[PDB]
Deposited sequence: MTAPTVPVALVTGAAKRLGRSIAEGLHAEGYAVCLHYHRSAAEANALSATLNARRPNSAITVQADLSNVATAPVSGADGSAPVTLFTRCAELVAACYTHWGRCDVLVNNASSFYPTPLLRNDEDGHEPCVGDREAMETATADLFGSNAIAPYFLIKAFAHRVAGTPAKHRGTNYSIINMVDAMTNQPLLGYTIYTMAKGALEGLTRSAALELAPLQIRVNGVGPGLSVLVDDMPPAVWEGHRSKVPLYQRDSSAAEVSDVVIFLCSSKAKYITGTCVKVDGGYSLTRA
């Protein structure tokens, strides 16, 4: 049986590495993207050449706004999950990785309204709707036909408890995502859907403060953790957030 994984913001960096790691384990992968069309399609071509019909790409703005055919964020999220079912007839793994990240200072408007909707949508609201859509499809599937290893991974932040100066909305959205991890893990446990979090510290910086190695991590150093959590060997883990930060959160100023 060939399982299916949906990875948001899969075009580059950590998302690409997660998609590659899952693919290497045998998963068919739905690569979501927003603006990185070229990169997403190049990645899909690579994976499809390795193994035919093992990758597809889907586009969506995950910000909490209405788009042009007006389509709500929920519908767009449900359509992402539906794309996996339409093409492969299943969705076993969901990785909420897509995320906007920029300053929203509290001390010195439309730019602030799109910032709020963008940072909250990508990091928290979209993951909620995606989890909701993912869960309904599992519930609507007769018990004898269900997969045996459902797993949802939310990409969190090991450092949000030590907030980055000027990134309040981002920090708040990651906090929301932690609560989603715990609430979904509890509510979806009856359907045997596990929900966990992976929180990087400093990964693939475009440094000397990280206790372990005095460097940021590679994409694999994070993605390998995600892949392990999706494996059947991790089937008793749920509702937990795993830090992959080389001890950075243990530091103080």
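Gaps in the coordinates relative to the deposited sequence fall at 1 to 4, 74 to 81, 121 to 132, 231 to 241.
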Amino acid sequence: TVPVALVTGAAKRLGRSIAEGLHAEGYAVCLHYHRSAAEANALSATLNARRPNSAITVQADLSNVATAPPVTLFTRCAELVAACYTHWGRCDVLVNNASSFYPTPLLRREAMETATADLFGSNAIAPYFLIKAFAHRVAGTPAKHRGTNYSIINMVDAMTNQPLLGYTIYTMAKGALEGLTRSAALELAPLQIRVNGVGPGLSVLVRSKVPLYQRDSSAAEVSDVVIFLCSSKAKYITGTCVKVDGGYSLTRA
From here on, numbers count along this sequence of modelled residues.
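Across the two stretches, 214 to 222 and 59 to 67, the PDB entry reports the greater mean Cα temperature factor for 59 to 67. Higher average CA B factor: 136 to 144, of the stretches 136 to 144 and 122 to 130.
For the set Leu107, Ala158, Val95, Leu180, the PDB entry assigns the largest Cα B-factor to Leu107. Of the candidates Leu80, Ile169, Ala176, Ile152, it is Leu80 whose Cα B-factor is highest according to the PDB record. The deposited CA B-factor of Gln192 belongs to the middle third of values across its chain. Per-chain ranking of the deposited C-alpha B factor places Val4 in the middle third. Sorting the modelled residues of the chain by their CA temperature factor places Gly89 in the highest third. In the deposited entry, the Cα temperature factor of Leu186 places it in the lowest third of its chain's modelled residues. The PDB entry assigns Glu20 a C-alpha temperature factor belonging to the middle third of its chain's modelled residues.
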